[PDB]
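Atoms considered below: every heavy atom in the structure, side chains included; atoms not considered: hydrogens, waters and symmetry mates. Whatever order the structure lists ligands and atoms in, that order sets their numbers, starting from 1. Along the sequence shown, residues are numbered consecutively beginning with 1.
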Amino acid sequence: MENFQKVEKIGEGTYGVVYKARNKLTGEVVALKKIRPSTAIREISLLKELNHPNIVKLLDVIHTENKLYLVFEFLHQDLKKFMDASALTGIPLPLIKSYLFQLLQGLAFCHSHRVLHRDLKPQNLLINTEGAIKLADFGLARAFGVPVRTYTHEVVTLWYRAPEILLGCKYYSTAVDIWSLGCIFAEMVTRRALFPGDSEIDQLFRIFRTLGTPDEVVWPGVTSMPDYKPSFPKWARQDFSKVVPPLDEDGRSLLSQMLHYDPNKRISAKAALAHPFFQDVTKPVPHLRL
Ligand SMILES: CC(C)Nc1cc(Cl)nc2c(C#N)cnn12
């Protein structure tokens with residue numbers, strides 16, 4: 001793109017290379033995603049009006065020569081490495097809570113406008129020096145779908161996939177995002193992925209081994225789902241005290257609500273913001289290593 005000078009490769013999205021780039025006239029430093037339909041441009045153009053402090057800002061949409069470029073606000077670090085970098089001591093709890101709190105705000109915004117993320121994961125959660133955290137790629141999945149492999153053949157991670165998606169539900173709702181974010185909260189707390197599955201069935205069986213194999217009692221209509229099988233082994237649900245120590249009772253309570261099997265029972269973002277866990281929420285500033 002004429003108007004942009006690539007600095008370096010910063011990502012290999014699901015959909016293409018992500019570059020750090022500079023605008024040759026405004027001076028702007030930006031994230032440039034190069035993408036590989038009529039629907040798609042119409043959905044993306046709606047994304048331009050979905051503006052929130054906790055949503056990475058979509059600056060521009062460039063369609064040219066059948067190449068498609070999305071120009072995003074740049075952020076200097078993502079959660080996945082911020083976690084990797086905090087391995088030895090973990091992310092302090094008041095920062096975990098600030099991050100969760102802000103992500104739920106971003107979700108309550110998008111969800112109120114009926115936009116789903118569909119593929120939240122530490123890699124597309126971006127942070128700045130200011131103690132803010134922002135959701136990247138919000139809405140591109142409805143626009144482009146979620147492939148099994150990235151454009152570089154990299155497997156798409158299943159670790160954060162909601163169980164209704166895994167069981168083959170076609171018309172899943174905003175609840176999927178709450179599940180994924182639940183998964184990520186647990187992961188910040190414990191410094192390990194909650195359900196690191198390496199196939200769809202491994203993913204599902206991981207979920208089942210932790211939360212109990214779902215049945216008609218906890219998830220009405222589960223047995224009717226497309227990829228549900230009666231031959232699923234039947235595991236018992238583990239207490240959360242065992243899943244996410246040293247997470248306190250408010251945090252363990254919120255977490256259970258975000259990981260309800262029944263998507264209609266699963267807590268919404270807007271209700272999650274009222275949970276007593278956030279009674280004492282603050283905005284700390286992490287130290288980053290720029
Ligand atoms: C420096 C890196 C973490 N910045 C980055 C990476 C990716 Cl994959 N996407 C980004 C957007 C968007 N959208 C903004 N900043 N990034």
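When hydrogens are left out, the protein atom nearest atom 16 (N) of ligand 1 is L126 CD1, 3.5 Å; that is the closest non-hydrogen contact. Scanning the protein for heavy atoms near atom 14 (C) of ligand 1, the closest one is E73 O, 2.9 Å. With hydrogens left out, the protein atom closest to atom 15 (N) of ligand 1 is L75 N, 3.0 Å, a heavy atom.
Note on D119 versus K121: salt bridge recorded, some NZ/NE/NH1/NH2 to OD/OE distance being below 4.0 Å. Salt-bridge formation is not detected for the pair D78/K134: no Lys NZ or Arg NE/NH1/NH2 atom is positioned less than 4.0 Å from an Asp or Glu carboxylate oxygen. In summary, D262 and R266 do not engage in a salt bridge, as defined by a charged side-chain N under 4.0 Å from a carboxylate O. A salt bridge links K81 with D84: the closest approach of a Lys/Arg side-chain nitrogen to an acidic carboxylate oxygen falls below 4.0 angstrom.
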Assess the residue pair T210 and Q238 against the criterion (side-chain hydrogen bond (donor to acceptor under 3.5 Å, both in side chains)); give the C-alpha distance rounded to whole Å, side-chain angles, the decisive distance to 0.1 Å, and a yes or no. CA-CA 5 Å; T210 301; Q238 306 306 141; over 6 Å; no
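Every atom of ligand 1 is numbered from 1 in the order shown, and the set under 4.0 Å from a heavy atom of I10 is 6 (C), 8 (Cl). Near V56, the atoms of ligand 1 lying under 4.0 angstrom from a non-hydrogen atom of the residue are 12 (C), 13 (N). Within the listing of ligand 1, atoms 1 (C), 4 (N), 14 (C), 15 (N) sit less than 4.0 angstrom from a heavy atom of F74.
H111 and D177 form a side-chain donor-acceptor contact under 3.5 Å, judged by distance and modelled atom types alone.
Looking at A136 next to ligand 1, no N or O pair under 3.5 Å apart turns up.
At a 4.0 Å heavy-atom cut-off, ligand 1 touches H76 through the backbone alone.
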